[PDB]
Every structure is written in structure tokens, then in C-alpha cells.
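Only one structure is covered here, and it is reproduced in the block below.
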Amino acid sequence: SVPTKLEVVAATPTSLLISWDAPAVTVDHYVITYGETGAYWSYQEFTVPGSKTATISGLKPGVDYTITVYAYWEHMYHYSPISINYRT
Amino acid sequence: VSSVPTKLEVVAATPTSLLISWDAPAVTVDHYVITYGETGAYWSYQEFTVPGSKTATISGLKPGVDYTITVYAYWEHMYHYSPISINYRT
Amino acid sequence: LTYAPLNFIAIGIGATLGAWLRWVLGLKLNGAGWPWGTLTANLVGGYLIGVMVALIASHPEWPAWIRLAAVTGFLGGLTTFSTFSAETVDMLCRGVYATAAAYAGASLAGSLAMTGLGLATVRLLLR
Amino acid sequence: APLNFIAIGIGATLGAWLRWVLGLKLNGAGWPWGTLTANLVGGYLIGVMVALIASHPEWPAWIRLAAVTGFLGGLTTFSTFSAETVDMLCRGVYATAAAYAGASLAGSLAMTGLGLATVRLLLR
Ligand SMILES: [Hg+2]
Ligand SMILES: [Hg+2]
């Protein structure tokens, strides 16, 4: 249970805006990981530092996506993630 | 960049088998690796290891086939003196 | 603190211990034909790092020197890609592509597996 | 011998430090450059080192032990690499994982070849 809460604030059917509030603890960076819920080969990923909002683009419209936010405090160590299922 | 197991001899009894022997006084050799396969066709190559002794025996060769035997003389793991090879048909 | 003098020491100690163990293993177990001492070290290392990672996420509170000495030091010196690479190439150069592939697969799949079982071992023993 | 335990420990410690430093300066969880850098640089130099130590088998033990078994053994890691790849797999990014694994494997092998080659080239 880290970047707690976590939600989606944006439209276009090709894009999406995640934001979270992750005070104490300390996070080195977050890795955002997203793909079509079903096919695991579709999953992609990008990295955001100790800020608190991300933006995903180039999504297929009307498709069931699964976003995960992994909160890494030191390269290979990360606190438990949060996921969201969202249709574009 | 110089010669090793100096003196390499091959008896070839059978079209399936082969007897190598060498004489490799100073320098020291930790072990030899004998490497043999159908010349070129590199996935066919097999291999076995003999210590600081001085004679080996290869079996289960395909008859009438062009083989290449190599003796690599390793002194202490990953380092080896230049090898000796022999090409011959079974 | 990330650049402190305790840390250079924590690493150096573990790195030296691991390196020694690897080398000893490499004497006792390893020939040019098939390097067990290396694979042993790389796999044992692969396993323990799975363990270590599961313990350090579950206790992120612990002090720096532990992760640095256990993982960055000990498991970094216990394991090697250099040696592995040189040994694989050695094989390739010898012409024994089968063997090389085998050793590379072993070393790669093996380490990955081990790390999984090391993670699993900890997740299992903290239900 | 006791000289040897020292020869290794020194190199191992130097390599381990360099790797770690590299890992601070270059390394995220998304794609671990600091690791790959160390693993590849290591892969290269070991190719060099091996070509030099066959061509001069006369040199004393402590050199190979400190350069190769120590420095390059601590500079490089399979542990870290494995943990980072599994990390990716666990994240679901199998492409990336494969990529990092191929990079790390093919890369190191290549490097070692070029390291051998660079020595065979510069002794003719
Ligand atoms: Hg060779
Ligand atoms: Hg993860």
C-alpha cells in the first residue's frame, strides 16, 4: 500500500492523467506500467521522479487498460504497488 | 604465441575411434581439453578433459567423415598455450 | 550520507568476502571444460539476492550499510559476468557451441530462476 | 597464500566501488545503465586481460588474481543483473526484460570478443 489512493483525471480517448499524493515515506522514483488488461506482451512503462503526477499517451480508444504505479525508494527496492483498471 | 603439447600422435583403429597421445614436459599443464568434431560444422563439436597425464581416446565417430581434433593445453583455468590440431578422415 | 565513508567500507568488506568465496569455489570446482565454481557462485548469488531483495523491501527501515554490504558488496563480488563471459567465449572459440549455449543458458536461466526461488522463499516464510 | 587473498580483496573492493558509483550516477529501475555499463566495460576488459595473460603466462599470480578475479569480479555482477531483470518481469514488461537480458548477455560476449581482438590486433 504505497503511492496510496491514486486516480485518473484526464480524457482524450488516447491519453490519461494519473495523479497521487505520496508524502512520508520518500520515493526515489516511480515506475508507471500500463497495458491492455489481457495481453501481457502489450505492457509498456515509464519513469517519473519524486514528483506526483503522470501522463500516458498513445492508447487505443475504448480498450481496457491496467495502470500500475511502483514506488521505488532505492533502485531495486520498491514499496507495494497500486493498480487501476481504466477504459479509455 | 608459441606451440604446445609438442609431439602429438594419432593412432586410428576403427572407423569409429581414435587414440591420441602427446608428450608435454615443461611447461606445466593443469589439464588438456580435447575438442573434436566434423571439420567446420561447429555444433557437432564435442569435448572432454584430461589432467596432466598424456594420452586420450575418442569413440563414437561417424565413419568416412572429416574430423578435426584439437588439444588445448590449459595452465590454470581460462588461460591455455597455443593448441595443436589434426585433420583426418575416419 | 549516500556518499559516506562507512559505506565505502561496508561495500569493500562484503565485496572482498564474496570475491574470496567465489575464487575459492573456482579453485575447488572449476575446469575450462565446464566451469562449476563460477556457475555455483553465480547461482548461489542469484538465489541470495532474491532473498535479500525480498527482505529489504519488507524492511526499508534498515540502515544503508546492510544493503550495501550484503548486496552491493558481497553478492556483487560473489557473482561475475566478466568471468562468465570470458569462459563462454573460450568455449565458442574452442568450437563447442552446444556447450557454450548450455553454459550461457544455465548461467542465465539458472540465475533468474534462483532469484525467483530466493524471493519466493522469503514471501513463503512471512505469510 | 596470503598475498593472494589480499590481491583479490583489493581489486574486488575497487571494482565493487566503481560499480556502485556507476550505479548511483547512471542507474534507474526502468533501465539499469550503471549495471550494464559496469558489466560491459567489465566484459571488454576481461577479453583484454585474458589475451594478455595467455601471451604472458610468466607473470606472477597476484596480477591475474587482482585484475581479473578481484577487480573485474567485483566490477561485474550477475546477482544485481538477475534481480533487475526479474524486477522487470514482475512489472510485466517482458520486452524490456528480454532486451536488458539480451543487451547484458550478447553485449558482454561481444565486448569480450572486442577485448580479445583489441589485444590480438595490437601485438602484430
Ligand atoms: Hg581456446
Ligand atoms: Hg516490481
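In the C-alpha cells, chains take the letters A, B, ... in the order shown, each chain's residues start at 1, and ligands count up from 1 in the order shown.
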Contacts between ligand 1 and chain B, please, where a residue of chain B counts if it comes within 9 Å (with only C-alpha atoms and all ligand atoms); show its shortest atom pair and distance in Å to one decimal, rows by chain and ascending number, as JSON lines.
```
{"residue": "B:72", "atom": "CA", "partner": "ligand 1", "partner_atom_place_in_ligand_line": "1 (Hg)", "distance": 6.9}
{"residue": "B:74", "atom": "CA", "partner": "ligand 1", "partner_atom_place_in_ligand_line": "1 (Hg)", "distance": 8.9}
{"residue": "B:78", "atom": "CA", "partner": "ligand 1", "partner_atom_place_in_ligand_line": "1 (Hg)", "distance": 8.1}
{"residue": "B:79", "atom": "CA", "partner": "ligand 1", "partner_atom_place_in_ligand_line": "1 (Hg)", "distance": 8.0}
{"residue": "B:80", "atom": "CA", "partner": "ligand 1", "partner_atom_place_in_ligand_line": "1 (Hg)", "distance": 6.9}
{"residue": "B:81", "atom": "CA", "partner": "ligand 1", "partner_atom_place_in_ligand_line": "1 (Hg)", "distance": 8.7}
{"residue": "B:82", "atom": "CA", "partner": "ligand 1", "partner_atom_place_in_ligand_line": "1 (Hg)", "distance": 8.1}
{"residue": "B:83", "atom": "CA", "partner": "ligand 1", "partner_atom_place_in_ligand_line": "1 (Hg)", "distance": 7.9}
```
Go ahead and dump the residues you just picked, C-alpha atoms, as a short mmCIF file (atom, residue, chain, number, x, y, z; two decimals), in the first residue's frame.
```
data_model
loop_
_atom_site.label_atom_id
_atom_site.label_comp_id
_atom_site.auth_asym_id
_atom_site.auth_seq_id
_atom_site.Cartn_x
_atom_site.Cartn_y
_atom_site.Cartn_z
CA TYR B 72 44.19 -27.31 -25.83
CA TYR B 74 45.39 -25.11 -20.13
CA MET B 78 40.82 -19.76 -18.83
CA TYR B 79 44.46 -19.49 -19.98
CA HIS B 80 45.92 -22.03 -22.36
CA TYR B 81 49.00 -22.26 -24.57
CA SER B 82 48.53 -22.34 -28.33
CA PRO B 83 46.84 -25.56 -29.45
#
```
Would you list the residues that come within 7 Å of ligand 2? Count only C-alpha atoms and all ligand atoms and give the answer as a PyMOL selection string.
(chain A and resi 70+78) or (chain D and resi 87-88+90-91)
Go ahead and write the residues just picked, N, CA, C and O atoms, as a compact mmCIF listing (two decimals), in the first residue's frame.
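So result33.txt came out as:
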```txt
# COMPACT_ATOMS: atom_id res chain seq x y z
N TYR A 70 4.56 1.78 -9.39
CA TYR A 70 5.54 1.21 -8.47
C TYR A 70 6.41 2.31 -7.89
O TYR A 70 7.00 3.10 -8.65
N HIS A 78 11.27 -1.31 -3.78
CA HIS A 78 10.07 -0.56 -4.06
C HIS A 78 9.03 -1.00 -3.04
O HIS A 78 8.96 -2.17 -2.66
N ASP D 87 12.76 -8.15 -11.50
CA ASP D 87 12.07 -6.87 -11.30
C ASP D 87 11.25 -6.52 -12.56
O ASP D 87 10.04 -6.43 -12.49
N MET D 88 11.89 -6.39 -13.72
CA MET D 88 11.17 -6.08 -14.97
C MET D 88 10.08 -7.08 -15.26
O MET D 88 8.95 -6.71 -15.51
N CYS D 90 8.55 -9.15 -13.22
CA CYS D 90 7.49 -8.91 -12.26
C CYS D 90 6.62 -7.67 -12.65
O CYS D 90 5.40 -7.73 -12.54
N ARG D 91 7.24 -6.59 -13.10
CA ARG D 91 6.49 -5.40 -13.55
C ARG D 91 5.60 -5.68 -14.76
O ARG D 91 4.62 -4.97 -15.00
```
Using only C-alpha atoms and a cut-off of 8 Å, which residues of chain D sit close to chain A? Please list them as an MDAnalysis selection string.
chainID D and resid 27:30 83:84 87 91:95
Within 8 Å of segment 52-58 of chain A, counting only C-alpha atoms, which residues show up once you throw out same-chain ones fewer than 6 positions away? Write them as a count of residues only, please.
9
Skip residue 30 of chain B itself and residues of its chain fewer than 3 positions away, then list as a list in words all residues within 8 Å of it, counting only C-alpha atoms.
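Once the nearby chain positions are removed, what remains is residues 51, 52, 73, 74, 75, 76 and 77 of chain B.
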With 9 Å as the cut-off and only C-alpha atoms counted, what is the closest atom pair between each nearby residue of chain C and chain D? Distances in Å to one decimal, ordered by chain and number, as CSV.
```
residue,atom,partner,partner_atom,distance
C:8,CA,D:17,CA,6.9
C:9,CA,D:13,CA,9.0
C:11,CA,D:16,CA,7.0
C:12,CA,D:13,CA,4.5
C:13,CA,D:13,CA,7.4
C:14,CA,D:13,CA,8.4
C:15,CA,D:13,CA,5.6
C:16,CA,D:9,CA,4.4
C:17,CA,D:9,CA,7.5
C:18,CA,D:12,CA,8.6
C:19,CA,D:12,CA,6.1
C:20,CA,D:5,CA,6.7
C:22,CA,D:69,CA,8.6
C:23,CA,D:69,CA,6.9
C:42,CA,D:78,CA,6.3
C:43,CA,D:79,CA,8.1
C:44,CA,D:79,CA,8.9
C:45,CA,D:79,CA,5.5
C:46,CA,D:79,CA,4.7
C:47,CA,D:79,CA,8.0
C:48,CA,D:79,CA,8.3
C:49,CA,D:79,CA,6.0
C:50,CA,D:83,CA,6.5
C:53,CA,D:83,CA,7.8
C:68,CA,D:20,CA,8.9
C:71,CA,D:80,CA,7.7
C:72,CA,D:20,CA,6.9
C:73,CA,D:16,CA,6.3
C:74,CA,D:74,CA,8.9
C:75,CA,D:79,CA,6.2
C:76,CA,D:77,CA,5.1
C:77,CA,D:74,CA,4.3
C:78,CA,D:73,CA,7.7
C:79,CA,D:77,CA,5.2
C:80,CA,D:77,CA,4.7
C:81,CA,D:76,CA,5.5
C:82,CA,D:43,CA,4.7
C:83,CA,D:73,CA,7.0
C:84,CA,D:43,CA,8.9
C:85,CA,D:109,CA,5.4
C:86,CA,D:112,CA,6.3
C:88,CA,D:109,CA,7.7
C:89,CA,D:109,CA,6.6
C:104,CA,D:105,CA,8.4
C:107,CA,D:78,CA,8.8
C:108,CA,D:82,CA,8.1
C:111,CA,D:82,CA,6.1
C:112,CA,D:82,CA,5.4
C:113,CA,D:82,CA,8.9
C:114,CA,D:82,CA,8.9
C:115,CA,D:83,CA,6.4
C:116,CA,D:86,CA,7.4
```
Could you dump the residues just selected with C-alpha atoms as a PDB file, in the first residue's frame?
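part.pdb was written with the following content:
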```
ATOM      1  CA  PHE C   8      32.774   2.558   1.073  1.00  0.00           C
ATOM      2  CA  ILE C   9      33.835   0.234   3.947  1.00  0.00           C
ATOM      3  CA  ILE C  11      30.874  -2.493   0.378  1.00  0.00           C
ATOM      4  CA  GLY C  12      34.642  -3.176   0.329  1.00  0.00           C
ATOM      5  CA  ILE C  13      34.239  -5.742   3.138  1.00  0.00           C
ATOM      6  CA  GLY C  14      31.329  -7.659   1.508  1.00  0.00           C
ATOM      7  CA  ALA C  15      32.897  -7.307  -1.978  1.00  0.00           C
ATOM      8  CA  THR C  16      36.125  -8.763  -0.618  1.00  0.00           C
ATOM      9  CA  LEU C  17      34.369 -11.624   1.203  1.00  0.00           C
ATOM     10  CA  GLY C  18      32.272 -12.510  -1.832  1.00  0.00           C
ATOM     11  CA  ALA C  19      35.270 -12.275  -4.169  1.00  0.00           C
ATOM     12  CA  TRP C  20      37.254 -14.611  -1.939  1.00  0.00           C
ATOM     13  CA  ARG C  22      33.988 -17.071  -5.472  1.00  0.00           C
ATOM     14  CA  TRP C  23      37.695 -17.587  -6.028  1.00  0.00           C
ATOM     15  CA  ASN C  42      26.574 -17.058  -9.862  1.00  0.00           C
ATOM     16  CA  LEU C  43      23.559 -19.209  -8.893  1.00  0.00           C
ATOM     17  CA  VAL C  44      24.078 -19.167  -5.167  1.00  0.00           C
ATOM     18  CA  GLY C  45      24.447 -15.416  -5.617  1.00  0.00           C
ATOM     19  CA  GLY C  46      21.328 -15.286  -7.810  1.00  0.00           C
ATOM     20  CA  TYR C  47      19.386 -17.071  -5.081  1.00  0.00           C
ATOM     21  CA  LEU C  48      20.565 -14.998  -2.129  1.00  0.00           C
ATOM     22  CA  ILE C  49      19.915 -11.738  -3.954  1.00  0.00           C
ATOM     23  CA  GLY C  50      16.308 -12.810  -4.396  1.00  0.00           C
ATOM     24  CA  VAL C  53      15.704  -8.043  -2.070  1.00  0.00           C
ATOM     25  CA  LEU C  68      25.419  -2.033   0.613  1.00  0.00           C
ATOM     26  CA  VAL C  71      24.025  -6.928  -1.920  1.00  0.00           C
ATOM     27  CA  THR C  72      26.304  -4.354  -3.449  1.00  0.00           C
ATOM     28  CA  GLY C  73      29.379  -5.792  -1.779  1.00  0.00           C
ATOM     29  CA  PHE C  74      29.070  -9.467  -1.008  1.00  0.00           C
ATOM     30  CA  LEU C  75      26.705 -10.542  -3.800  1.00  0.00           C
ATOM     31  CA  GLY C  76      28.447  -8.170  -6.251  1.00  0.00           C
ATOM     32  CA  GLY C  77      31.824  -9.795  -5.590  1.00  0.00           C
ATOM     33  CA  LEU C  78      30.421 -13.303  -5.193  1.00  0.00           C
ATOM     34  CA  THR C  79      28.991 -13.034  -8.713  1.00  0.00           C
ATOM     35  CA  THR C  80      30.628 -12.279 -12.059  1.00  0.00           C
ATOM     36  CA  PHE C  81      29.604 -11.549 -15.621  1.00  0.00           C
ATOM     37  CA  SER C  82      33.174 -10.846 -16.740  1.00  0.00           C
ATOM     38  CA  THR C  83      34.476 -14.353 -15.833  1.00  0.00           C
ATOM     39  CA  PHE C  84      31.293 -15.901 -17.182  1.00  0.00           C
ATOM     40  CA  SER C  85      31.651 -14.056 -20.485  1.00  0.00           C
ATOM     41  CA  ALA C  86      35.295 -14.968 -20.868  1.00  0.00           C
ATOM     42  CA  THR C  88      31.665 -18.732 -22.657  1.00  0.00           C
ATOM     43  CA  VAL C  89      33.747 -17.085 -25.350  1.00  0.00           C
ATOM     44  CA  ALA C 104      25.045 -19.475 -21.134  1.00  0.00           C
ATOM     45  CA  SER C 107      24.057 -19.300 -16.184  1.00  0.00           C
ATOM     46  CA  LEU C 108      21.195 -17.031 -17.412  1.00  0.00           C
ATOM     47  CA  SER C 111      20.350 -17.121 -12.065  1.00  0.00           C
ATOM     48  CA  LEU C 112      16.880 -15.843 -12.992  1.00  0.00           C
ATOM     49  CA  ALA C 113      15.254 -18.940 -11.517  1.00  0.00           C
ATOM     50  CA  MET C 114      17.373 -18.821  -8.366  1.00  0.00           C
ATOM     51  CA  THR C 115      16.380 -15.204  -7.821  1.00  0.00           C
ATOM     52  CA  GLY C 116      12.757 -16.183  -8.167  1.00  0.00           C
TER      53      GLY C 116
END
```
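Omitting residue 18 of chain B and its sequence neighbours fewer than 4 positions away, and counting only C-alpha atoms, the residues within 12 Å are residues 9, 10, 11, 12, 13, 14, 34, 36, 55, 56, 57, 58, 59, 60, 61, 62, 63, 67, 68, 69, 86, 87, 88, 89 and 90 of chain B.
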Considering only C-alpha atoms, extract the chain D residues located within 10 Å of chain B and return them as a PyMOL selection string.
chain D and resi 50-57
Please find the residues of chain C near chain B - the criterion being any atom within 12 Å, counting only C-alpha atoms - and write them as a compact mmCIF listing (two decimals) with N, CA and C atoms, in the first residue's frame.
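Now in iface-v2.txt:
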```txt
# COMPACT_ATOMS: atom_id res chain seq x y z
N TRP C 23 36.38 -17.12 -5.60
CA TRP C 23 37.69 -17.59 -6.03
C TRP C 23 38.02 -18.97 -5.47
N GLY C 26 35.95 -21.37 -7.20
CA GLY C 26 36.58 -21.52 -8.50
C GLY C 26 37.83 -22.39 -8.52
N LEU C 27 38.52 -22.52 -7.40
CA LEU C 27 39.65 -23.44 -7.31
C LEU C 27 39.07 -24.83 -7.15
N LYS C 28 38.32 -25.02 -6.06
CA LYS C 28 37.71 -26.30 -5.73
C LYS C 28 36.81 -26.91 -6.81
N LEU C 29 36.20 -26.12 -7.69
CA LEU C 29 35.19 -26.71 -8.57
C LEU C 29 35.36 -26.47 -10.04
N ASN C 30 36.37 -25.75 -10.49
CA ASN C 30 36.19 -25.33 -11.88
C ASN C 30 37.32 -25.48 -12.92
N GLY C 31 36.92 -26.18 -13.96
CA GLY C 31 37.77 -26.50 -15.09
C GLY C 31 37.32 -25.66 -16.27
N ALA C 32 38.11 -25.67 -17.35
CA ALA C 32 37.83 -24.83 -18.53
C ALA C 32 36.73 -25.46 -19.39
N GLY C 33 36.64 -26.80 -19.32
CA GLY C 33 35.61 -27.59 -19.99
C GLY C 33 34.18 -27.27 -19.57
N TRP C 34 33.96 -27.17 -18.25
CA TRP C 34 32.69 -26.67 -17.68
C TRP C 34 32.82 -26.07 -16.30
N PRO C 35 32.70 -24.74 -16.21
CA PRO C 35 33.06 -24.01 -15.01
C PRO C 35 32.01 -24.06 -13.92
N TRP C 36 32.11 -25.03 -13.03
CA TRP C 36 31.11 -25.19 -11.97
C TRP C 36 31.24 -24.12 -10.91
N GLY C 37 32.47 -23.90 -10.47
CA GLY C 37 32.77 -22.91 -9.45
C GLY C 37 32.19 -21.56 -9.76
N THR C 38 32.19 -21.21 -11.04
CA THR C 38 31.62 -19.95 -11.48
C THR C 38 30.09 -19.96 -11.37
N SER C 82 31.85 -10.78 -16.14
CA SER C 82 33.17 -10.85 -16.74
C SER C 82 33.66 -12.30 -16.92
N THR C 83 34.03 -12.95 -15.81
CA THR C 83 34.48 -14.35 -15.83
C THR C 83 33.57 -15.21 -16.70
N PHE C 84 32.28 -15.11 -16.45
CA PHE C 84 31.29 -15.90 -17.18
C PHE C 84 31.44 -15.72 -18.68
N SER C 85 31.57 -14.45 -19.08
CA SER C 85 31.65 -14.06 -20.49
C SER C 85 32.90 -14.66 -21.10
N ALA C 86 34.02 -14.44 -20.43
CA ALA C 86 35.30 -14.97 -20.87
C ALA C 86 35.29 -16.48 -21.01
N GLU C 87 34.62 -17.18 -20.11
CA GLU C 87 34.52 -18.64 -20.16
C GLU C 87 33.64 -19.15 -21.29
N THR C 88 32.62 -18.36 -21.62
CA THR C 88 31.67 -18.73 -22.66
C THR C 88 32.34 -18.55 -24.00
N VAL C 89 33.01 -17.41 -24.14
CA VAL C 89 33.75 -17.09 -25.35
C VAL C 89 34.83 -18.16 -25.60
N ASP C 90 35.61 -18.43 -24.56
CA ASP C 90 36.54 -19.57 -24.51
C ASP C 90 35.88 -20.76 -25.20
N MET C 91 34.72 -21.19 -24.72
CA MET C 91 34.03 -22.32 -25.35
C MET C 91 33.78 -22.07 -26.81
N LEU C 92 33.22 -20.92 -27.13
CA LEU C 92 32.90 -20.60 -28.51
C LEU C 92 34.14 -20.73 -29.32
N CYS C 93 35.19 -20.05 -28.88
CA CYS C 93 36.48 -20.14 -29.57
C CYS C 93 36.92 -21.61 -29.76
N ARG C 94 36.73 -22.46 -28.75
CA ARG C 94 37.05 -23.90 -28.88
C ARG C 94 36.21 -24.62 -29.95
N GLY C 95 35.05 -24.05 -30.26
CA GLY C 95 34.19 -24.55 -31.32
C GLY C 95 32.96 -25.25 -30.79
N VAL C 96 32.87 -25.38 -29.46
CA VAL C 96 31.83 -26.19 -28.80
C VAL C 96 30.59 -25.37 -28.50
N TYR C 97 29.84 -25.07 -29.56
CA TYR C 97 28.77 -24.10 -29.46
C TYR C 97 27.67 -24.63 -28.58
N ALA C 98 27.34 -25.91 -28.73
CA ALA C 98 26.44 -26.58 -27.79
C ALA C 98 26.75 -26.22 -26.35
N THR C 99 27.95 -26.58 -25.94
CA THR C 99 28.42 -26.36 -24.58
C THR C 99 28.26 -24.91 -24.21
N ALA C 100 28.72 -24.01 -25.08
CA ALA C 100 28.66 -22.59 -24.80
C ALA C 100 27.21 -22.18 -24.50
N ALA C 101 26.32 -22.54 -25.42
CA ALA C 101 24.88 -22.29 -25.28
C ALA C 101 24.36 -22.83 -23.96
N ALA C 102 24.67 -24.09 -23.70
CA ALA C 102 24.38 -24.71 -22.43
C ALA C 102 24.83 -23.87 -21.25
```
Report the distance between atom CA of residue 87 of chain A and atom CA of residue 3 of chain A in Å, rounded to one decimal place.
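Between atom CA of residue 87 of chain A and atom CA of residue 3 of chain A the gap is 21.3 Å.
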Expected answer as a ChimeraX atom specification: alpha helix (DSSP H) residues in chain D:
/D:2-26,33-55,61-64,73-75,79-91,94-121
Could those residues be written to a file, using C-alpha atoms, as a CSV table (one decimal), in the first residue's frame?
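Full text of result_26.csv as output:
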```csv
chain,number,residue,atom,x,y,z
D,2,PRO,CA,48.1,-14.7,2.0
D,3,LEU,CA,49.3,-12.3,-0.7
D,4,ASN,CA,46.6,-13.7,-2.9
D,5,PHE,CA,43.7,-13.1,-0.6
D,6,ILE,CA,45.0,-9.5,-0.4
D,7,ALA,CA,45.5,-9.1,-4.2
D,8,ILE,CA,41.8,-10.2,-4.8
D,9,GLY,CA,40.3,-8.3,-1.9
D,10,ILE,CA,41.9,-5.0,-3.2
D,11,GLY,CA,40.8,-5.4,-6.8
D,12,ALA,CA,37.4,-6.8,-5.7
D,13,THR,CA,36.9,-3.8,-3.5
D,14,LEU,CA,38.0,-1.3,-6.2
D,15,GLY,CA,35.7,-2.9,-8.8
D,16,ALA,CA,32.8,-3.1,-6.3
D,17,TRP,CA,33.2,0.6,-5.5
D,18,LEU,CA,33.4,1.7,-9.2
D,19,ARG,CA,30.3,-0.4,-10.0
D,20,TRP,CA,28.4,1.1,-7.1
D,21,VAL,CA,29.4,4.7,-8.1
D,22,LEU,CA,28.4,4.0,-11.7
D,23,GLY,CA,25.1,2.6,-10.3
D,24,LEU,CA,24.4,5.8,-8.5
D,25,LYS,CA,25.3,8.1,-11.4
D,26,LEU,CA,23.6,6.1,-14.1
D,33,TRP,CA,22.6,1.6,-17.3
D,34,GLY,CA,25.1,1.7,-14.4
D,35,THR,CA,24.8,-2.0,-14.2
D,36,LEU,CA,25.1,-2.8,-17.9
D,37,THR,CA,27.9,-0.2,-18.2
D,38,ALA,CA,29.9,-2.0,-15.5
D,39,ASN,CA,29.0,-5.4,-16.9
D,40,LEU,CA,30.1,-4.4,-20.4
D,41,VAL,CA,33.1,-2.4,-19.6
D,42,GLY,CA,34.0,-5.4,-17.4
D,43,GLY,CA,33.2,-7.8,-20.3
D,44,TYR,CA,35.6,-5.8,-22.6
D,45,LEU,CA,38.5,-5.6,-20.2
D,46,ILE,CA,38.4,-9.2,-19.3
D,47,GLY,CA,38.8,-10.0,-23.0
D,48,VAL,CA,41.8,-7.8,-23.0
D,49,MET,CA,43.1,-9.2,-19.7
D,50,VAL,CA,42.8,-12.8,-20.9
D,51,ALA,CA,44.6,-12.1,-24.2
D,52,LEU,CA,47.5,-10.5,-22.2
D,53,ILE,CA,47.7,-13.3,-19.6
D,54,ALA,CA,47.9,-16.1,-22.2
D,55,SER,CA,50.5,-14.1,-24.1
D,61,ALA,CA,49.8,-14.9,-9.7
D,62,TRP,CA,48.8,-11.7,-7.8
D,63,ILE,CA,48.3,-9.8,-11.2
D,64,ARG,CA,45.7,-12.1,-12.7
D,73,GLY,CA,34.8,-9.9,-10.5
D,74,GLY,CA,33.7,-7.0,-8.3
D,75,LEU,CA,33.2,-4.6,-11.2
D,79,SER,CA,23.2,-11.1,-8.9
D,80,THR,CA,22.2,-7.5,-9.4
D,81,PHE,CA,21.6,-8.2,-13.1
D,82,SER,CA,19.3,-11.1,-12.3
D,83,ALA,CA,17.4,-9.2,-9.6
D,84,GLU,CA,16.9,-6.2,-12.1
D,85,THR,CA,15.6,-8.5,-14.9
D,86,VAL,CA,13.2,-10.3,-12.5
D,87,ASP,CA,12.1,-6.9,-11.3
D,88,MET,CA,11.2,-6.1,-15.0
D,89,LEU,CA,9.5,-9.4,-15.4
D,90,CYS,CA,7.5,-8.9,-12.3
D,91,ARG,CA,6.5,-5.4,-13.6
D,94,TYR,CA,8.7,-8.8,-20.8
D,95,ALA,CA,10.0,-7.0,-23.9
D,96,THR,CA,12.2,-4.7,-21.7
D,97,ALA,CA,13.4,-7.7,-19.6
D,98,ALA,CA,14.3,-9.7,-22.7
D,99,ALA,CA,16.0,-6.5,-24.1
D,100,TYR,CA,18.0,-6.0,-20.9
D,101,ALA,CA,18.9,-9.7,-20.7
D,102,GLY,CA,20.0,-9.8,-24.4
D,103,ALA,CA,21.9,-6.5,-24.0
D,104,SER,CA,23.6,-7.7,-20.9
D,105,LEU,CA,24.4,-11.2,-22.4
D,106,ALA,CA,25.1,-10.5,-26.1
D,107,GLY,CA,26.8,-7.3,-25.0
D,108,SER,CA,29.2,-8.9,-22.6
D,109,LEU,CA,30.1,-11.6,-25.0
D,110,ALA,CA,30.7,-9.1,-27.8
D,111,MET,CA,32.7,-6.8,-25.5
D,112,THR,CA,34.9,-9.8,-24.5
D,113,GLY,CA,35.5,-10.6,-28.2
D,114,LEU,CA,36.4,-7.0,-29.0
D,115,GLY,CA,38.7,-7.0,-25.9
D,116,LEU,CA,40.4,-10.1,-27.1
D,117,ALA,CA,40.6,-8.7,-30.6
D,118,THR,CA,42.0,-5.3,-29.5
D,119,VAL,CA,44.9,-7.3,-28.0
D,120,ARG,CA,45.5,-9.7,-30.9
D,121,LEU,CA,45.4,-6.6,-33.2
```
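Note that atom CA of residue 5 of chain A and atom CA of residue 60 of chain A are 25.2 Å apart.
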Show me a table, sorted first by chain and then by increasing residue number, of the residues of chain C having an atom at most 10 Å from chain A, each with its shortest atom pair and the distance in Å to one decimal, counting only C-alpha atoms and written as JSON lines.
```
{"residue": "C:53", "atom": "CA", "partner": "A:77", "partner_atom": "CA", "distance": 6.8}
{"residue": "C:54", "atom": "CA", "partner": "A:77", "partner_atom": "CA", "distance": 8.4}
{"residue": "C:55", "atom": "CA", "partner": "A:77", "partner_atom": "CA", "distance": 9.7}
{"residue": "C:56", "atom": "CA", "partner": "A:77", "partner_atom": "CA", "distance": 7.0}
{"residue": "C:57", "atom": "CA", "partner": "A:77", "partner_atom": "CA", "distance": 5.4}
{"residue": "C:58", "atom": "CA", "partner": "A:79", "partner_atom": "CA", "distance": 8.0}
{"residue": "C:59", "atom": "CA", "partner": "A:79", "partner_atom": "CA", "distance": 9.9}
{"residue": "C:60", "atom": "CA", "partner": "A:77", "partner_atom": "CA", "distance": 8.2}
```
Among chain B, which residues does DSSP mark as strand (DSSP E) when it is run on the backbone? Keep the chain and numbering as in the structure and answer as a ChimeraX atom specification.
/B:8-11,18-22,31-38,46-51,55-58,66-74,80-89
List the spatial neighbours of residue 86 of chain A as a PyMOL selection string - criterion: any atom at most 10 Å away, only C-alpha atoms, same-chain residues fewer than 6 positions off excluded.
chain A and resi 7-8+16+36-37+62-67
Could those selected residues go to a file with N, CA, C and O atoms, as a CSV table (one decimal), in the first residue's frame?
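Ended up saving to again.csv:
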```
chain,number,residue,atom,x,y,z
A,7,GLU,N,-5.4,8.3,-8.7
A,7,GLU,CA,-6.6,8.4,-9.6
A,7,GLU,C,-6.3,9.0,-10.9
A,7,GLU,O,-5.2,9.6,-11.2
A,8,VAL,N,-7.3,8.9,-11.7
A,8,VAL,CA,-7.2,9.3,-13.1
A,8,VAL,C,-8.1,10.5,-13.3
A,8,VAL,O,-9.3,10.5,-13.0
A,16,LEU,N,-4.3,9.9,-20.8
A,16,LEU,CA,-4.7,9.7,-19.5
A,16,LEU,C,-3.8,10.4,-18.5
A,16,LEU,O,-2.6,10.2,-18.6
A,36,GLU,N,-2.9,-3.4,-22.0
A,36,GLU,CA,-4.2,-3.9,-22.1
A,36,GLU,C,-4.4,-5.1,-21.2
A,36,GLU,O,-3.6,-6.0,-21.3
A,37,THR,N,-5.4,-5.0,-20.3
A,37,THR,CA,-5.5,-5.9,-19.2
A,37,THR,C,-5.1,-7.3,-19.6
A,37,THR,O,-4.2,-7.9,-19.0
A,62,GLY,N,-11.3,3.1,-26.2
A,62,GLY,CA,-12.3,2.1,-25.8
A,62,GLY,C,-11.7,0.7,-25.4
A,62,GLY,O,-12.3,-0.3,-25.7
A,63,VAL,N,-10.5,0.7,-24.8
A,63,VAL,CA,-9.8,-0.5,-24.5
A,63,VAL,C,-9.5,-0.6,-23.1
A,63,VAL,O,-9.2,0.4,-22.5
A,64,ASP,N,-9.6,-1.8,-22.5
A,64,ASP,CA,-9.4,-1.9,-21.0
A,64,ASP,C,-8.0,-2.0,-20.7
A,64,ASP,O,-7.3,-3.0,-20.9
A,65,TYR,N,-7.5,-0.9,-20.1
A,65,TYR,CA,-6.1,-0.7,-19.7
A,65,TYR,C,-5.9,-0.9,-18.2
A,65,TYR,O,-6.9,-0.9,-17.5
A,66,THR,N,-4.7,-1.3,-17.8
A,66,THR,CA,-4.4,-1.6,-16.4
A,66,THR,C,-3.1,-0.8,-16.1
A,66,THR,O,-2.1,-1.2,-16.6
A,67,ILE,N,-3.2,0.2,-15.2
A,67,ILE,CA,-2.1,1.0,-14.9
A,67,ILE,C,-1.6,0.6,-13.5
A,67,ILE,O,-2.4,0.4,-12.6
```
Just how far from atom CA of residue 1 of chain A is atom CA of residue 117 of chain C, in Å to one decimal?
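Atom-to-atom, atom CA of residue 117 of chain C and atom CA of residue 1 of chain A are spaced 23.8 Å apart.
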